[PDB]
Amino acid sequence: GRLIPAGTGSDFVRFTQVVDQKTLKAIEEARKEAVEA
Amino acid sequence: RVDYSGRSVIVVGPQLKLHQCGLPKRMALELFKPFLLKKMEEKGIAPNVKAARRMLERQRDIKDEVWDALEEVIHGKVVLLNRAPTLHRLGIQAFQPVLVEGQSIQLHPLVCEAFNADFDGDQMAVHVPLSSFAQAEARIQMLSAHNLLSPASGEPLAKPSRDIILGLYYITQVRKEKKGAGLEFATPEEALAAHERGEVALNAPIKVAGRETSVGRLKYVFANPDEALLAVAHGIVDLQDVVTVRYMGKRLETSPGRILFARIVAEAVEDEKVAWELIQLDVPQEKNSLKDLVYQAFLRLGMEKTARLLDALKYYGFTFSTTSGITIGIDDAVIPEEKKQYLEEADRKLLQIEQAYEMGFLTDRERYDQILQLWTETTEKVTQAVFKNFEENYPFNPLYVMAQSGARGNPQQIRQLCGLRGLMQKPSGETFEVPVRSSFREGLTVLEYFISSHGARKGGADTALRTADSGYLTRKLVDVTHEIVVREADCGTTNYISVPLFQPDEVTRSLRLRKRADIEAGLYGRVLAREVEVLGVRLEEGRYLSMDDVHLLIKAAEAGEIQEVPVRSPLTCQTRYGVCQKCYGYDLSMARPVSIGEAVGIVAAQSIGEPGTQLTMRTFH
Amino acid sequence: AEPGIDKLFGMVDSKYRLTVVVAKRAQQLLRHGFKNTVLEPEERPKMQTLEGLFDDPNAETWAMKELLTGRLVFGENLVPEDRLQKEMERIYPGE
Amino acid sequence: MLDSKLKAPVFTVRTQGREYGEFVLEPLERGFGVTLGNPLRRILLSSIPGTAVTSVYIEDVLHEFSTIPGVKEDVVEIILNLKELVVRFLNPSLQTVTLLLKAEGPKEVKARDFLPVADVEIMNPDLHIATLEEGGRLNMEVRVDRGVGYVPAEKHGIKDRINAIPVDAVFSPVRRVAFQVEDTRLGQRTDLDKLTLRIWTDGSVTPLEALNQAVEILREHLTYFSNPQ
Amino acid sequence: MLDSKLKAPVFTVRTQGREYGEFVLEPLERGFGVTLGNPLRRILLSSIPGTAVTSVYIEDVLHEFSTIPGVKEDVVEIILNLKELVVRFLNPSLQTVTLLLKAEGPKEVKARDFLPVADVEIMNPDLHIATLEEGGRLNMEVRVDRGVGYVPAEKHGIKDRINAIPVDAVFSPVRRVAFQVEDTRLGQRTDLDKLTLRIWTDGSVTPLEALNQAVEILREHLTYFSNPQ
Amino acid sequence: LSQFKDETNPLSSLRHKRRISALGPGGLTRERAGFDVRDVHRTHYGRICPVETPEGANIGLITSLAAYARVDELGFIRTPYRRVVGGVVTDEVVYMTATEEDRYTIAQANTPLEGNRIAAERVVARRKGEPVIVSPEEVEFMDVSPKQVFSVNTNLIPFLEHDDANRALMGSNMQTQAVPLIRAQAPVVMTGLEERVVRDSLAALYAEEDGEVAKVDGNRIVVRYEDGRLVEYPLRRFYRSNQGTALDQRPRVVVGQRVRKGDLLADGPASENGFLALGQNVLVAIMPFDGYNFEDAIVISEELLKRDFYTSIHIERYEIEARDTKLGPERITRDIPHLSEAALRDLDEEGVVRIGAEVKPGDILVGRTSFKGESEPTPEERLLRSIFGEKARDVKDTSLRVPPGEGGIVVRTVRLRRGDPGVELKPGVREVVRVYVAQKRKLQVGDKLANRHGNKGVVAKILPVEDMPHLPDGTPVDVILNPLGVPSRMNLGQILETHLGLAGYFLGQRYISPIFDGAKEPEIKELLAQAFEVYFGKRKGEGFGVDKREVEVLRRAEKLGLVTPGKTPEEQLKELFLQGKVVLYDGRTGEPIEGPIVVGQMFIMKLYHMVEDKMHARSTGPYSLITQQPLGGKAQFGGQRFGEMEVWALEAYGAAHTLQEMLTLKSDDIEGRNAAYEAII
Ligand SMILES: [Mg+2]
Ligand SMILES: [Zn+2]
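Overview of the domain arrangement of chain F
On domain assignment, one finds that chain F holds domain 1 (81–145), domain 2 (203–277), domain 3 (278–308 + 442–614), domain 4 (309–441) and domain 5 (615–681). A straight line from the C-alpha centre of domain 1 of chain F to that of domain 3 of chain F covers 42 Å.

Concerning the coordination of the magnesium ion (ligand 1)
Residue and element names in this part refer to chain B. Looking at the magnesium ion (ligand 1), the protein donor atoms are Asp118 (OD), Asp120 (OD), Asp122 (OD) and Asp122 (OD), and they sit 2.2 to 2.7 Å from it. Each donor residue of the magnesium ion (ligand 1) lies on one chain, and together they are spaced D-x1-D-x1-D. Residue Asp118 is classed as buried on the basis of its relative accessible area of 15%. The class for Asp120 is partly exposed, based on a relative accessible area of 28%.

Considering the arrangement of the chains
Contact analysis covers ten pairs of chains in contact, and the most contacts occur between chains B and F. For chain A and chain D, which are not in contact, the least C-alpha distance works out to 38 Å. As for chain E relative to chain C, no contact occurs, and the smallest C-alpha gap between them is 19 Å.

What about the coordination of the zinc ion (ligand 2)?
Residues and elements named next belong to chain B. In the first shell of the zinc ion (ligand 2), the protein supplies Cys491 (SG), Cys573 (SG), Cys580 (SG) and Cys583 (SG), at 2.3 to 2.4 Å from the metal. Taken together, the four donor atoms surrounding the zinc ion (ligand 2) define angles of 103 to 117° at the centre, an arrangement classified as tetrahedral. Summarised as a motif, the one-chain spacing of the donors to the zinc ion (ligand 2) is C-x81-C-x6-C-x2-C. With a relative accessible area of 0%, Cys580 lands in the buried category. Judged by its relative accessible area of 0%, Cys583 is buried.

Observations regarding the sheet that holds strand β1 (residues 10–16) of chain D
Residues and elements named next belong to chain D. Taking strand neighbours across the sheet as the criterion, the four strands line up as β1-β2-β14-β13 in an open arrangement whose pairing is antiparallel. Every interior strand has two partners, whereas the edge strands, β1 and β13 (174–183), have only one. Each neighbouring strand pair of the sheet contributes to a mean axis angle of 15°, computed without reference to strand direction. As defined by bridge partners, strand β2 (residues 20–28) adjoins strand β14 (residues 193–201) across seven bridges and the pair is classed as antiparallel. Opposite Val24, over in β14, you have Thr196 as the bridge partner. Across the sheet, helix α1 (residues 33–46) is in contact with β2, β13 and β14; its angle to β13 comes to roughly 175°. Most of the contacts of helix α4 (residues 207–223) go to β2, to which it runs at about 50°, and overall it touches β1, β2, β13 and β14.

Some words on the pattern of salt bridges
Following the criterion strictly, the structure yields 127 salt bridges over all chains and no others. Two residues, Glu104(D) and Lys102(D), come together in a salt bridge whose shortest N-O distance is 3.9 Å. One network of salt bridges, with partners in common, ties together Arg175(B), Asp238(B), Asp241(B), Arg555(F), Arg556(F), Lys559(F) and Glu594(F).

With respect to helix α7 (residues 189–200) of chain B
Since the α-helix turns once every 3.6 residues, residues separated by three or four places project in the same direction. With twelve residues, α7(B) extends 17 Å from end C-alpha to end C-alpha; this agrees with the ideal 16 Å at 1.5 Å per step. Those residues of α7(B) lying buried are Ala191(B), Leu192(B), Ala193(B), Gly198(B) and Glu199(B).

What about the pairing of strand β12 (residues 211–216) of chain F?
Residues and elements named next belong to chain F. Sheet analysis places β12 next to strand β13 (residues 221–225), joined by five bridges and oriented antiparallel. Directly across from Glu212, in β13, lies its bridge partner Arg224. The loop that links β12 with its antiparallel partner β13 comprises four residues.

Topic: the interface of chain B and chain F
Listed by partner, the interface residues are 133 residues for chain B and 124 residues for chain F. Where chain B packs against chain F, one counts 14 salt bridges. The shortest N-O distance in the salt bridge between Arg556(F) and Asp238(B) comes to 3.9 Å. Among the elements that make up the side of chain B that touches chain F, the one with the highest residue count is helix α18 (residues 446–481) of chain B (16 residues). Broken down by class, the residue content of the side of chain B that touches chain F amounts to 60 nonpolar, 36 polar and 37 charged. With three bridges connecting them, strand β1 (residues 5–12) of chain B and strand β34 (residues 616–618) of chain F associate as antiparallel partners. Paired with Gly6(B) across the strands is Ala617(F), a residue of β34(F).

Brief notes about the interface of chain B and chain A
Contacts between the two partners involve eight residues from chain B and, on the opposite side, four residues from chain A. Carbon and sulfur atoms supply 66% of the area that chain B and chain A bury against each other, a total of about 450 Å² over both sides. Put simply, chain B and chain A have zero salt bridges between them.

A closer look at the sheet that holds β13(F)
Residue and element names in this part refer to chain F. The sheet built from three strands is open, its strands ordered β12-β13-β14 with antiparallel pairing. This sheet does not close on itself; its edge strands, each paired only once, are β12 and β14 (229–231). When the angles between neighbouring strand axes are averaged without regard to direction, this sheet yields 20°.

Considering the domain arrangement of chain D
Residue and element names in this part refer to chain D. The domains assigned to chain D are domain 1 (1–49 + 172–225) and domain 2 (50–171). On the domain 2 side, the residues contacting the twelve residues of domain 1 number ten residues. With both chains or domains summed, domain 1 and domain 2 bury close to 680 Å², and 54% of this area falls on carbon and sulfur atoms. In this assembly, domain 1 and domain 2 are joined by zero salt bridges. Counting the contacts that link domain 1 with domain 2 gives three residue pairs in polar contact.

A closer look at the packing of helix α6 (residues 162–172) of chain B against helix α13 (residues 303–324) of chain B
The relative placement of two packed helices comes down to the angle between their axes together with the axis-to-axis distance. Residue and element names in this part refer to chain B. Their axes nearest at 7 Å, the elements α6 and α13 cross at an angle of 70°. Regarding the angle of α6 to α13, the classification is roughly perpendicular. Relative to α13, α6 is oriented so that their crossing is left-handed. Between α6, through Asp163, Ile164, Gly167, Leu168, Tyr170 and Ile171, and α13, the contact on the second element is made entirely by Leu313, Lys314, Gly317, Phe318, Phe320, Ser321 and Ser324.

Examining the nonpolar core
By size, the foremost hydrophobic cluster in this structure holds 295 residues, and its most contacted members are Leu36(B), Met40(B), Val66(B), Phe222(B), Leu523(B) and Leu650(F). Residues contacting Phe222(B), with those up to four places away along its chain left out, are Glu227(B), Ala228(B), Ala231(B), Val237(B), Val243(B), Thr244(B), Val245(B), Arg246(B), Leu80(D) and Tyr150(D). Counting 57 residues, the second-largest nonpolar core is a separate cluster that includes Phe32(D), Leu218(D), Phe11(E) and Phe225(E).

Remarks on the packing of helix α10 (residues 256–268) of chain B against α13(B)
Residue and element names in this part refer to chain B. Their axes nearest at 9 Å, the elements α10 and α13 cross at an angle of 145°. The handedness of the crossing between α10 and α13 is right-handed. For the pair α10 and α13, the contacting residues are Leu260, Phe261, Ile264, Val265 and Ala268 in the first and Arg308, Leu309, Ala312, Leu313, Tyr316 and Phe320 in the second. For the contact of α10 with α13, the class distribution of residues is ten nonpolar, no polar and one charged.

Quick notes on helix α2 (residues 33–42) of chain B
Along α2(B), the residues classified as buried are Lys33(B), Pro34(B), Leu36(B), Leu37(B) and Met40(B). Buried residues of α2(B), viewed axially, fall in a sector of 160°; they line one side. Buried residues belonging to α2(B) abut α1 (25–31), α3 (49–56) and α4 (64–73) of chain B together with α16 (670–680) of chain F.

Re unusual backbone geometry
Between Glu26(D) and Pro27(D) the backbone carries a cis peptide bond, its omega angle lying at 0°. Residue position: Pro27(D) is located in strand β2. We note that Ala37(A) has phi near 50°; this positive angle belongs to a residue other than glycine. One can find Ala37(A) in the segment after α1 (21–32).

Parameters at a glance
- Every chain here is numbered from 1 following its written sequence, a scheme that can differ from the numbering in the entry; residues without coordinates are not drawn.
- Each chain takes a letter, starting from A, and each ligand takes a number, starting from 1, following the order in which they are written.
- The full assembly is larger than what is shown, and all values describe the shown chains rather than the whole.
- As a rule here, side-chain values come from all non-hydrogen atoms in the structure, and water together with hydrogens is ignored.
- Boundary definitions for the domains trace back to an automatic or database domain assignment.
- A donor here means an N, O or S atom no more than 2.8 Å from the metal, or no more than 3.2 Å when the metal is Na, K or Ca. Since water is not included, a site may seem to lack partners.
- Accessibility here uses a 1.4 Å probe with only protein chains present; expressed as a share of the type maximum, an area under 20% marks a residue as buried, one over 50% as exposed, and anything in between as partly exposed.
- Every residue pair with non-hydrogen atoms within 4.5 Å of one another is taken to be in contact.
- Square planar and octahedral sites, with four and six donors, are those where opposite donors lie more than 155 degrees apart and all other angles lie between 65 and 115, tetrahedral sites have four donors with every angle between 85 and 135 degrees, and the rest are irregular.
- Only when DSSP finds a minimum of two bridges between them are two strands counted as paired.
- By the criteria applied, helices consist of DSSP H or I runs no shorter than four residues and strands consist of E runs no shorter than two, each listed in order from the N terminus.
- Fitting a line to C-alpha atoms yields each axis, with helices limited to the stretch in contact; the angle taken between N-to-C directions then spans 0 to 180 degrees.
- Here a salt bridge means any side-chain nitrogen of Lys or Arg lying within 4 Å of a carboxyl oxygen belonging to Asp or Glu.
- By this rule, a helix spans an expected 1.5 Å times one less than how many residues it contains.
- For this classification, the nonpolar set comprises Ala, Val, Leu, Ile, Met, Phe, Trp, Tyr, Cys and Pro, the charged set comprises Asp, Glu, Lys and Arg, and every other residue, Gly included, is treated as polar.
- Here the buried area means the combined drop in accessible surface, using a 1.4 Å probe, for two parts upon being joined, counting both sides.
- What qualifies as a polar contact is a pair of N or O atoms within 3.5 Å, subject to a donor-acceptor requirement within protein and to the restriction that residues adjacent in sequence count only when both atoms come from side chains.
- By the definition adopted for this analysis, an angle is roughly parallel if under 35 degrees, roughly antiparallel if over 145, roughly perpendicular if from 65 to 115, and oblique otherwise.
- Helix crossings fall into two classes, left-handed where the near helix is turned counterclockwise from the far one by less than a right angle and right-handed where it is turned clockwise.
- Here the nonpolar core consists of buried residues drawn from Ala, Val, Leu, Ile, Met, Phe, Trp, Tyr and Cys, with membership extended through side-chain atoms lying within 4.5 Å.
- When we speak of the arc, we mean the arc of directions from the helix axis to the C-beta atoms.

Laid out in structure tokens, this is it:
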């Protein structure tokens, strides 16, 4: 009753994320914040 | 048992587009109950869920506002439809519901071919994709209007079925009426005038066998495209009539209907010239020409754009069919005048066989096998006879066109109505000595009937068997083949198979070009293992050979440049559990390369299980 | 059929990938607030009882309508798994 | 008004240029979109009387199947190009107008080359009649009339000059008509006719104009049911 | 007037009773008899209003599937015969008229047996309602309305008396339409359309009346092409 | 072997009485052995029908006998064959055993006969299962009839002769599925046994001996015989057939009538006038419509519903029991514990519903009250009750309701209480309550109709009389049948029926075309000829000639080759009519349909709607106890099966989730389906 090995259930794509250029700059801003003092 | 399921009788949905399907609102309501409940709360119809529930617990209590809610919940969602035997992956297809009144389920006509479903009471089930994911896949890779080409063959499956062809065919056919006096206008100017007046008279038809132009061409010439049809509308030219017309840069001698078909496609897809390049207006559109058209349009213009063409054809085919007024009368089934001849000639010949046995020449057996040989030949004779009749005298015989056009009818079938069904076998298998002299047009006698009955049962008894033998098979195949799935990077093991374009033994030994089909089967959408330079073009290595390429190699083998072809294949793959992109090929239900993650194992096991239902079934071993 | 399905197919390396993208985009479109979109102003999603599709009919019909444009980015590993959900809650209201 | 009468055919229009014009009109009761679209169509094509080249006379040419020296095009191709010509006269006084044109030598003959006539106008000036080489002599008289529908050159057989040749009659500023009847859902009942008809026009008149004329002809004909006998 | 306008549709009529009415009208141009006859037909069948039994109440009967003693016919057969009944009221003031009838013993019940009502008339007197034997008690109240088209008894569900039973609505007073377009020869040109349409009616309205209503619906619809958008 | 009578209509109830099966005792033929038995053996002649047996696995093993087939002394079907001594044929008949049949040279009935004289030297006969052209001097025995060769059920087919034995089977089984209409009609063309069928079946009520009629009630016809006696003949008013089809005897005799012995006093469920009648001969055009008739779809004229044409009365029998629980007797009372009197209206009688009340899905048919828990009360429900009204009837609403699908009006009810008269009440069963409901079923888009030939199909669209195909004279077609369905299948007989039909329409007459001896192509062309005069003759006199339309289609017709070029339209149309086709105009456009189209009076029946038909649809519902998959029953529909073949279908697609769903959230995921619902909510 597990997901099928074949299809959208491919190790090749089970993992894929999406982004908006807005959320792209927002995450890099989190990286910028990493600079201490 | 699925929780969000349903099932009703199905019914043809002519206006419906491949995209959608007609679903009884009454069904939709229960199906999408929870989706509705909540949506009721988002609107003023109900305060809460439990409320919204009791609100619908009785039929008389529903405010018309609820329908507007459900109709809103189903906006872009889609459902799955199933058929009785799910034989292949298309056995289930996704569509956008368009809610409708009543009990029946409106189904599209084009997909009636994928699911083997006719409307003599067939019933389809219906399921619902709940997750946003299940929906995503469902409407992306499971929706009908996307899977147009079969996984078995790169041939379309959205082919204009029965009625559509029948329509599209009748419109594009040309007529020929009476040849009495001279047919020579190619040369004299007195020929144009005399046979133009003689036609005005009663002697020359508008469509006479007169090489260059029958007077039907002489009389009417049409400047622009439209001009042509307008005359038709006014009752000047029928659609099936032979006339001359000016198109883009040519004076083309083609019929009204043909010219119109041209537009239909030209319109379906606005790249007009591209519409002309992939169409053959030199012939009546049979299912094959159409089939072809579809395929071409698919590779050429793009998937969705094809879909449009599909319904475009669907629509006009349907319409034109109605007006064509094709019907079925008893007299339309025409029996040849030659039937009596062929019969009697073979009749007396039977007498000789008898005299030859009465004397002691032919053994008990020799007699038998000689008689049957008489009929088997005589019967096939009447067959090509009836056709010739129609081919020559009634080109537009109802019963005929349907069979010519990809529409409906089998040569062997026609034979039984117009000509005669001649030999039926005894219970065991030994064919009967006496034939069935009758046709269905005339009274199949009390006994020639009984005689033919035997053979009927065996066919039915056989059909009853593949209903499950078909499974016997697919089962086994899927037991061994399920694990097989496309999961890769070009498998680096280049060990390849060579496809033969020639066969050693039809007649003992003579090398010959394989049938365009088999070869197609072998190299369509494959991946070249090694590079091959053939007629002038350099097929590179690893290139996926399109049907156009596999059309080249053949043309090349015809010339004598190649006897084999290097090509990757599953038989030589390295991925232990699985097969790769380059070794599988093209054919996803789509025509490009295979997409990683396709369940090939089964796709395969299925394509092979279905047709199995058509193969004979006497004894396994 | 559906809008530029070919165009879409072409934008991915694998058919089955396009399905995952759209589905995950549709997911986020609803969870973080449905205004998490990249193309609303002039010509956008629309339904006709009114022109109200502008608010919440079909999630993925949107996802696809954006993906067809070149503003979104789908990668195998574009932005670290847990920091994504955090930055998205921070910037998109509507709950 | 508010209930049944306010629920009235919303006549909506969409027209670009003078050639194409879409026209939508809903709601309509049961099977009325058809009841209307069809007649209008039949009218839009036959009835919107128009103009078309009814006869031609090349001076040295006798039959229609001849070819003129210095002239690339053949008689049959030119008589064909003339069917393409769209003219427009302003008043009834003009029933049959003979347009004249004569051009010689290395010149291209276009419709603008016809000598202007007082109450007549040529909307098809740049249309191409022929390509004359050298020593190219073409002097003709092309008849023009006001009629309705399609009339084969055989049916009329016009006789201005004995060596002239009749042409087929394309009497209509309308090119093609097309109407669709798709369902529309209005609250209570779903069964609804929505009639939208698409009209194309050579430019002489406009889709809208055409349509108006059409409906009137119908109206005018519906009045002919007055005096019993 | 004398030439083209005097040469005008000679509207001729032939009507016997209120059921049949033939209507000829010629001359007409090319293919117009069809242009007109067909729409009118479409209208004459769908569009026009009439009368039909909308509800019934037998006094001792509760549901439609019952049988009344002394009465050969069953409820369902009788309610069926009532649909056959054609009534005719004279003015708007009569929207819903309840006709009453009560007969006892060895008599045949025909439509004439209904007690007369001031502004209403029964054109179907001799129609057979039932055959009563002895001790045959039939006392009923059959509603009658003015509507349009077909309305299933399910759709309206009329409620005069709680034990009453609704009936199906057969409101087109028109039975059948039929039109022919035969050639007529008028002096000069032979191609001529002669349109004659035959109309049959249940009696509620008259062929002529119907026809008039028809043409008007058409006209009213041709006006709906007024305000562009 | 003993089974429910199949009275979907008398014919069905009869065939079901006379069919012969294989399986059974097991000791005569189990499930394994097949194909040699299942095949139509040579001997099956006049003893068993070769068509009758049902489709599906159980094929050929179960089949009804033939016309003249009779079980002599010991179960040996003897088919009758008449004697022919020398070249002389007799009217004497021998019911022969399978075996002895082989010792003789037998001939067919089609043999030209002068009386006792055979007429052709080389005439067909068949020795032993072998077709043999024998001489008149060898012809020892002759076939009795064409009828004996098949079964009753089959004999009812018009021109059986022109229809593929294969599809003729469908035709025979279709009749067994004919539902009685409240407007029965005999076929415009019959074979000859319709009479005998209704008669030998016990549909219609016949008169014993001559006399006159006394009283003609709607419930009884007390006839007076000339013998000085008079008997009251009740008529099963409205009875419930096992399968829910109405069985009423409608009196056809008026008051005081001298009756011939054996004449119909009343008509059976489906008889018009002593003749079998199912469905109703309807005028039909046989051409393609948009797609409304695409593979096997049928387009219907709204007009058919205007007249109560295909309409049928059904009756389902809902039943509920007052059970004795140890928790307390389930009372049946007008009391419905929790919410409204609105729903109690038609529950007029305290408890039962009132007769003649219109019941819709979800209305109480009967009320009953059982106890709330298994053994203990409820702590949480304890608080709530106390909050707004502690003193509350702690009884549970378990009341027979109207199951989805439909109900009509209640026509009869039955209640059996404590002091039983002479009835058998099961144990624990305190009392029972039957509710007979009736409902009219006017034909609609979901229904399926089929002619006797085998053309089976469903209604796809009901068109407004406004625009469907109309003939020159205003009369329009009722149904439009697709042509394409005819070539493939091979039953020209229907096409033959329609032609004779057209004739009978204008000639106002019905005919009887026997099995293989019936009507002949020339005879029909002859009647068509007569018909042309009724059709077109009145047309001539009524004042008008031919259309531009009519002429136009003629042009295209000669170009076709259906009419001899150069003959007058009037003459041409006769030719064209004789061919069975006439000109038809669109109706939507008024233009003609390029090319003549046949039309005519074809008989067509309406088929019974099974329970499955009732389109099911389940959202959520019960679940099996041991297996946790969805289960239905009484009111919740029960889920659909997702079979392996279906799994693969998805597997093949990239439907990963969609397949998981089908395996988890939708059927077995206990914790899954729950959170599922809620989540959706
Ligand atoms: Mg089927
Ligand atoms: Zn590989």
